Amino acid sequence: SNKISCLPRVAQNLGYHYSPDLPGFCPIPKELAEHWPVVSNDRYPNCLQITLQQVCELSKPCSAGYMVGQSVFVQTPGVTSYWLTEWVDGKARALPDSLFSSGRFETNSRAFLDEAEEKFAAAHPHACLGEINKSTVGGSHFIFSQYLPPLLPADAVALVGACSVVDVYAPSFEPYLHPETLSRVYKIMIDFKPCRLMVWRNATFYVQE
Amino acid sequence: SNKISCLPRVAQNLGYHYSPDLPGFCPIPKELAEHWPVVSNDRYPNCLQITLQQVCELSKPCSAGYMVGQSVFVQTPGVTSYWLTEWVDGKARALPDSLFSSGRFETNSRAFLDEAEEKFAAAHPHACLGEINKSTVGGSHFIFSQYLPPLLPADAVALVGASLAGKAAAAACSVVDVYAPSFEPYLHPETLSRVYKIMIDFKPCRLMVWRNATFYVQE
């Protein structure tokens, strides 16, 4: 039954860690899923439902990297990878808008998603200055950037819940890279982990969390 | 190889995971090692340089576990194993004080380095030897301690379970392979109980000290 799923970090930043059917999460008995927040293709009184088609009006379309069983695929820009439906106490509540990883990291690819992203990286070749660590700023680049090593072991860091590489489809940042003022700090989300974007009106920005 | 290197975790805790010339790290092309923070025997605009002799005023001696190529080596007490030199923008930056692992973890040796450490361990039996308090194990904090499992993971400080089969057991106690007498400058504070902020292999640790009694470590 089309065991489709998001990159686990997405559901886990929503606070869902168990799944009776999906393999990317922790195993929980079918029976116990009726009484615990889980991730699944099916529907439960308290769960995050992942489907290919829309379930209801409050289902969130997500253009992102995704999985089908064990196999992980890469975001196709412009199309929905999976629809997210969050059921609480039986009734579905709305999900917050967020940026999403293309899943290039897990795929071992450093390649651009489309020509539109390639023209972006040419237009803003040195946007995205280092990701702000809690105290002092540390270097960060997009996964396609020329300045990254050929090998990115697990000892680098994506923008993921529980040197910094951002795997997000680059033109997703376009709305934030045009502030009316000279400086502007944005409250956003990457894979449903809350982040602060600190942009300069010229072109660039810093990432936080 | 014939090249020298620290125990890979020492460089990693400093923020260096790539190396164009050293085997114990993730490889990187030399052309890229110019613009990327790396560990190396050579010199780069931003790098941690591991040499056999001093290079600069701000070079740091390390009586520590080291490795030549793939082969790991236990430290020799009082003797420098390697000098560390942190370069940032072609400039040498100072390195914080830190205790260092003897490399006994990875060489699987559990004997004392010398007789000084053995005499130290007997002088502080509650913290080094490992006793059975009742139904739990206490003071099995060094690699030469008693009630430790057959295998210990190579870390700055290792959380392992201790046990005397049938009588006692202690889950998740900290075990370190640091040369024991390196703790002596902390064992005599003005207050009876004192907590120190120290570093093991450049990993921020907390040293709890109870005078003339026991001491342990956390991260």
# chains A, B, ... in the order shown; residues from 1 in each chain; ligands from 1
>>> closest_atom_pairs(of="chain A", to="chain B", cutoff="8 Å", atoms="only C-alpha atoms", output="JSON lines")
{"residue": "A:147", "atom": "CA", "partner": "B:35", "partner_atom": "CA", "distance": 7.6}
{"residue": "A:149", "atom": "CA", "partner": "B:28", "partner_atom": "CA", "distance": 6.4}
{"residue": "A:150", "atom": "CA", "partner": "B:28", "partner_atom": "CA", "distance": 7.1}
{"residue": "A:151", "atom": "CA", "partner": "B:28", "partner_atom": "CA", "distance": 7.4}
{"residue": "A:153", "atom": "CA", "partner": "B:26", "partner_atom": "CA", "distance": 7.8}
{"residue": "A:155", "atom": "CA", "partner": "B:17", "partner_atom": "CA", "distance": 7.3}
>>> closest_atom_pairs(of="segment 46-91 of chain B", to="segment 150-161 of chain B", cutoff="12 Å", atoms="only C-alpha atoms", output="JSON lines")
{"residue": "B:64", "atom": "CA", "partner": "B:156", "partner_atom": "CA", "distance": 11.9}
{"residue": "B:65", "atom": "CA", "partner": "B:156", "partner_atom": "CA", "distance": 11.4}
{"residue": "B:72", "atom": "CA", "partner": "B:154", "partner_atom": "CA", "distance": 11.9}
>>> atom_distance(atom1="atom CA of residue 193 of chain A", atom2="atom CA of residue 161 of chain A")
6.3 Å
>>> atom_distance(atom1="atom CA of residue 148 of chain B", atom2="atom CA of residue 125 of chain B")
15.6 Å
>>> residues_around(residues="residue 47 of chain A", least_positions_apart="3", cutoff="6 Å", atoms="only C-alpha atoms", output="list in words")
residues 37, 38, 39, 44, 86 and 87 of chain A
>>> residues_around(residues="residue 99 of chain B", least_positions_apart="6", cutoff="9 Å", atoms="only C-alpha atoms", output="MDAnalysis selection string")
chainID B and resid 62:64 178:179 182:183 198:202
>>> write_last_selection(atoms="C-alpha atoms", output="JSON list (two decimals), in the first residue's frame")
[["chain", "number", "residue", "atom", "x", "y", "z"],
["B", 62, "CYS", "CA", 50.33, 17.30, 23.88],
["B", 63, "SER", "CA", 51.43, 14.37, 26.02],
["B", 64, "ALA", "CA", 48.69, 12.33, 24.40],
["B", 178, "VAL", "CA", 43.28, 9.87, 30.61],
["B", 179, "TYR", "CA", 46.58, 9.33, 32.43],
["B", 182, "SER", "CA", 46.76, 14.43, 35.26],
["B", 183, "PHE", "CA", 43.89, 15.15, 37.66],
["B", 198, "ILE", "CA", 37.68, 21.10, 32.13],
["B", 199, "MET", "CA", 38.33, 19.66, 28.67],
["B", 200, "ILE", "CA", 39.21, 16.12, 27.59],
["B", 201, "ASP", "CA", 40.40, 15.90, 23.98],
["B", 202, "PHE", "CA", 38.94, 19.41, 23.63]]
>>> atom_distance(atom1="atom CA of residue 87 of chain B", atom2="atom CA of residue 56 of chain B")
10.4 Å
>>> residues_around(residues="residue 186 of chain B", least_positions_apart="4", cutoff="10 Å", atoms="only C-alpha atoms", output="MDAnalysis selection string")
chainID B and resid 182 194:196 207:211 215
>>> write_last_selection(atoms="N, CA, C and O atoms", output="mmCIF file, in the first residue's frame")
data_model
loop_
_atom_site.group_PDB
_atom_site.id
_atom_site.type_symbol
_atom_site.label_atom_id
_atom_site.label_comp_id
_atom_site.auth_asym_id
_atom_site.auth_seq_id
_atom_site.Cartn_x
_atom_site.Cartn_y
_atom_site.Cartn_z
ATOM 1 N N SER B 182 47.003 13.143 35.913
ATOM 2 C CA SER B 182 46.758 14.427 35.263
ATOM 3 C C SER B 182 45.656 15.201 35.977
ATOM 4 O O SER B 182 45.417 16.370 35.678
ATOM 5 N N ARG B 194 34.051 20.921 45.139
ATOM 6 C CA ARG B 194 34.315 21.871 44.067
ATOM 7 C C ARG B 194 34.057 21.247 42.704
ATOM 8 O O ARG B 194 34.399 20.088 42.465
ATOM 9 N N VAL B 195 33.448 22.024 41.815
ATOM 10 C CA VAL B 195 33.163 21.573 40.459
ATOM 11 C C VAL B 195 33.995 22.361 39.450
ATOM 12 O O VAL B 195 33.942 23.593 39.416
ATOM 13 N N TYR B 196 34.765 21.644 38.635
ATOM 14 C CA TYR B 196 35.650 22.269 37.655
ATOM 15 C C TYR B 196 35.164 22.113 36.218
ATOM 16 O O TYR B 196 34.654 21.060 35.834
ATOM 17 N N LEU B 207 34.125 18.495 35.939
ATOM 18 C CA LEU B 207 34.869 17.696 36.905
ATOM 19 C C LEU B 207 34.389 17.941 38.331
ATOM 20 O O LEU B 207 34.656 18.988 38.924
ATOM 21 N N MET B 208 33.670 16.966 38.872
ATOM 22 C CA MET B 208 33.184 17.051 40.239
ATOM 23 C C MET B 208 34.264 16.540 41.181
ATOM 24 O O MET B 208 34.731 15.411 41.038
ATOM 25 N N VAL B 209 34.668 17.379 42.131
ATOM 26 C CA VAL B 209 35.720 17.019 43.080
ATOM 27 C C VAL B 209 35.255 17.126 44.531
ATOM 28 O O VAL B 209 34.807 18.184 44.980
ATOM 29 N N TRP B 210 35.356 16.008 45.247
ATOM 30 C CA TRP B 210 35.133 15.952 46.687
ATOM 31 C C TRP B 210 36.476 15.657 47.336
ATOM 32 O O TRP B 210 37.006 14.555 47.188
ATOM 33 N N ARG B 211 37.011 16.634 48.061
ATOM 34 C CA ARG B 211 38.364 16.558 48.607
ATOM 35 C C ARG B 211 38.644 15.318 49.463
ATOM 36 O O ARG B 211 37.866 14.970 50.353
ATOM 37 N N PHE B 215 36.361 11.738 42.772
ATOM 38 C CA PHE B 215 36.106 12.690 41.700
ATOM 39 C C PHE B 215 35.610 11.964 40.449
ATOM 40 O O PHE B 215 35.999 10.824 40.191
#
>>> closest_residue(among="A:55, A:99, A:111, A:84", to="residue 159 of chain A", atoms="only C-alpha atoms")
A:99
>>> select_by_dssp(residues="segment 56-168 of chain B", states="helix (DSSP H, G or I)", output="PyMOL selection string")
chain B and resi 104-107+115-123+125-128
>>> select_by_dssp(residues="segment 17-205 of chain A", states="strand (DSSP E)", output="ChimeraX atom specification")
/A:18-19,26-27,38-40,47-51,60-62,66-68,71-73,82-88,91-93,131-132,137-138,140-142,157-158,164-166,183-190,193-200,205
>>> residues_around(residues="residue 130 of chain A", least_positions_apart="2", cutoff="6 Å", atoms="only C-alpha atoms", output="PyMOL selection string")
chain A and resi 137-140+206
>>> write_last_selection(atoms="C-alpha atoms", output="PDB file, in the first residue's frame")
ATOM      1  CA  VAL A 137      28.648  32.584  13.087  1.00  0.00           C
ATOM      2  CA  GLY A 138      29.837  29.407  11.354  1.00  0.00           C
ATOM      3  CA  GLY A 139      30.085  28.698   7.627  1.00  0.00           C
ATOM      4  CA  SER A 140      27.136  27.338   5.665  1.00  0.00           C
ATOM      5  CA  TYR A 206      22.300  34.209   7.736  1.00  0.00           C
TER       6      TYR A 206
END
>>> residues_around(residues="residue 69 of chain B", least_positions_apart="5", cutoff="9 Å", atoms="only C-alpha atoms", output="PyMOL selection string")
chain B and resi 1-5+22-24
